[PDB]
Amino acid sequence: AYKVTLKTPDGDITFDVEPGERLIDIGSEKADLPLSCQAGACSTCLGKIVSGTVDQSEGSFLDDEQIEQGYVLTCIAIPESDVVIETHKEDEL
């Protein structure tokens, strides 16, 4: 499985995700994570990837530069490695 660490403003939590699954399913169980559209079309769930890789090609909101800087729509992101993501980042846009 992939090891996912969510670095939230109130602490870090680490959990495993079966390959191919979205991290938000167990993530929302283990932490209070902000969501709105749940479909990759807003920035409510924005996070920043610190290490590892995701597939977030389901998303439509971020521009190429934001993706290149490591921003991630956590509601649709699918890990492709162990990943560390800082959550609650929408105020940086």
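All residue numbers are counted from 1 along the displayed sequence.
Mean C-alpha B-factor higher for 7 to 15, or for 81 to 89? Taking the mean C-alpha B-factor of 7 to 15 and of 81 to 89, the larger value falls to 7 to 15.
Per the PDB record, is the mean Cα temperature factor higher over 66 to 74 or over 16 to 24? Result: 16 to 24.
Of the residues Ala31, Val54, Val50, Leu35, the one carrying the largest Cα B-factor as recorded: If I rank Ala31, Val54, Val50, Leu35 by C-alpha B-factor, first place goes to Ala31.
Lowest, middle or highest third of the chain for the C-alpha temperature factor of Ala39? Its C-alpha B-factor belongs to the highest third of this chain's values.
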